[PDB]
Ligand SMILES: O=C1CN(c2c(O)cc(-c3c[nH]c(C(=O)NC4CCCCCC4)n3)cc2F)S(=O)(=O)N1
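Okay, here we've got a single chain as structure tokens, the form solved without the ligand, with questions on binding and movement later.
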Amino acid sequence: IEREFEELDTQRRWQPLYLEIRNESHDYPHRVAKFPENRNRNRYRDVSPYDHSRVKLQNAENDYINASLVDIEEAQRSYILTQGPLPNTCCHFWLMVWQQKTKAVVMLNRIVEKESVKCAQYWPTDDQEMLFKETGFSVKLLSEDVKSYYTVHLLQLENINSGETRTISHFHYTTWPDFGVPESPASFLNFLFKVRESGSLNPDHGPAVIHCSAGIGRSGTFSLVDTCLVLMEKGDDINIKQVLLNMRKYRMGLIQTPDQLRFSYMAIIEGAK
């Protein structure tokens, strides 16, 4: 119901609605995140995966990576929300998509040039393959489809330790405004519909990995409107408030501001067609 939106919008009820969702949210444990050795594997000390839903790097010396599995059986939807990899976590990143049989990764942030800020370019921008010998992987850019508000990179992920090959689709939404939320969910909605078109979100493949810089704001927005757009078209009586509360059990802080909350509504409404 959009009347819910118009009602919330009139009475200026966004800061309060969001502020509530913050109180109802429960805090689970995240000790592994805090281990000294895992300190430099986190971009933000304040954003950590819950020990009960965190993704484990299997058979690794250290099995920690700041990523969370988000299960929503009620929609046959499942994703891995993570942080944009750091210069020292790129091979962990790829090791992870491999072990999870991930078919697609959607990136919602821009790679910044500053480089005083980490933000590692983890996939190739030309015909030169990135090699990660520590975990035994190779990544090669097959082709890139550069649209207006996004870009899709076709990547070949090869396990050098066995010759096994897979092709991953890297969807990069490039127009989220620095600071603030988009004024219209048009370009964002199409991007969502394009990754759906690839069929990478179906329960057939492994969980798609979604990420922005921290993996809770933009990443949360994408997940929420995707799950909600599946709860509709199917069952009904969608309570965005609770659905977002059930997602916050797998990973903390999804939706960081009332604007992102409000934007999610707008997207779910317009996208509901």
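Residues that one form lacks are left out of the comparison. Residues carry their position along the shown sequence, with the first being 1. What we label the rigid core is the largest C-alpha set whose atoms superpose within 1.5 Å from one form to the other.
A.B. asks: Quick check: 150-158 versus 198-206, which has the larger average CA B-factor in the record?
C.D. replies: If you average the C-alpha B-factors of 198-206 and of 150-158, the larger mean comes out for 198-206.
A.B. asks: Which is higher on mean Cα B factor in this entry, 236-244 or 51-59?
C.D. replies: Mean C-alpha B-factor is greater for 236-244.
A.B. asks: According to the deposited entry, which of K140, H170, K114, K101 has the largest Cα B-factor?
C.D. replies: The C-alpha B-factor peaks, among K140, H170, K114, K101, at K114.
A.B. asks: Give the position of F222 by CA B-factor within its chain, expressed as the lowest, middle or highest third.
C.D. replies: Within its chain, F222 is a lowest-third residue by C-alpha B-factor, going by the deposited values.
A.B. asks: Once the chain's modelled residues are ordered by C-alpha B factor and cut into thirds, is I80 in the lowest, middle or highest one?
C.D. replies: As the PDB entry reports it, the C-alpha B-factor of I80 lands in the lowest third of its chain.
A.B. asks: Where does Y28 sit by CA temperature factor within its chain: lowest, middle or highest third?
C.D. replies: Highest third - that is where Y28 ends up once the chain's C-alpha B-factors are sorted.
A.B. asks: Should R251 be placed in the lowest, middle or highest third of its chain by the C-alpha B factor in the entry?
C.D. replies: Within its chain, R251 is a lowest-third residue by C-alpha B-factor, going by the deposited values.
A.B. asks: Lowest, middle or highest third: where is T10 by Cα B-factor in its chain?
C.D. replies: CA B-factor rank for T10: highest third.
Although not depicted, the form deposited with the ligand bound is the subject of the following passage.
A.B. asks: Heavy atom within 4.5 Å of the ligand in the bound PDB entry: which of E164, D127, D178, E73 fits that? Just give me the one.
C.D. replies: The option sitting close enough to the partner is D178.
A.B. asks: Which of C228, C212, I65, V209 has a heavy atom within 4.5 Å of the ligand in the bound PDB entry?
C.D. replies: Spelling it out, the residue with a heavy atom inside the cut-off is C212.
A.B. asks: In the bound PDB entry, which of 31-39, 55-63, 200-208, 215-223 comes within 4.5 Å of the ligand (heavy atoms)?
C.D. replies: Of the options, only 215-223 has residues within 4.5 Å of the partner.
A.B. asks: Taking 4.5 angstroms as the cut-off for heavy atoms, does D46 touch the ligand in the bound PDB entry?
C.D. replies: So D46 counts as contacting the ligand.
A.B. asks: May I ask you to check whether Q15 falls inside a 4.5 Å heavy atom distance of the ligand in the bound PDB entry?
C.D. replies: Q15: no, not in contact with the ligand in the bound PDB entry.
A.B. asks: Is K118 close enough to the ligand in the bound PDB entry to count, meaning some heavy atom within 4.5 Å?
C.D. replies: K118 belongs to the contact set for the ligand.
A.B. asks: With the rigid core superposed, which of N161, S116, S143, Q128 has its C-alpha shift by 2 Å or more between this form and the one not shown?
C.D. replies: The one that moves 2 Å or more is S116.
A.B. asks: With both forms fitted on the core, give yes or no for whether the Cα of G235 moves by 2 angstroms or more between this form and the one not shown.
C.D. replies: It does shift by 2 Å or more.
A.B. asks: By the 2 angstroms cut-off, has the C-alpha of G180 moved between this form and the one not shown once the rigid core is superposed?
C.D. replies: Shift of 2 Å or more: yes.
A.B. asks: Closer or farther: the C-alpha atoms of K114 and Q121 in the bound PDB entry, versus the form shown, with a change of 3 angstroms or more?
C.D. replies: Relative to the shown form, the pair is farther apart.
A.B. asks: Answer with closer or farther for the CA-CA spacing of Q121 and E113 in the bound PDB entry compared to the shown form; it moves by 3 Å or more.
C.D. replies: Farther is correct, given that in the bound PDB entry the C-alpha spacing of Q121 to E113 is increased by at least 3 Å.
A.B. asks: Could you identify the runs between this form and the one not shown where three or more consecutive residues, present in both forms, all have C-alpha shifts of 2 Å or more after superposing the core?
C.D. replies: Runs moving 2 Å or more: 113-119, 177-184, 233-235.
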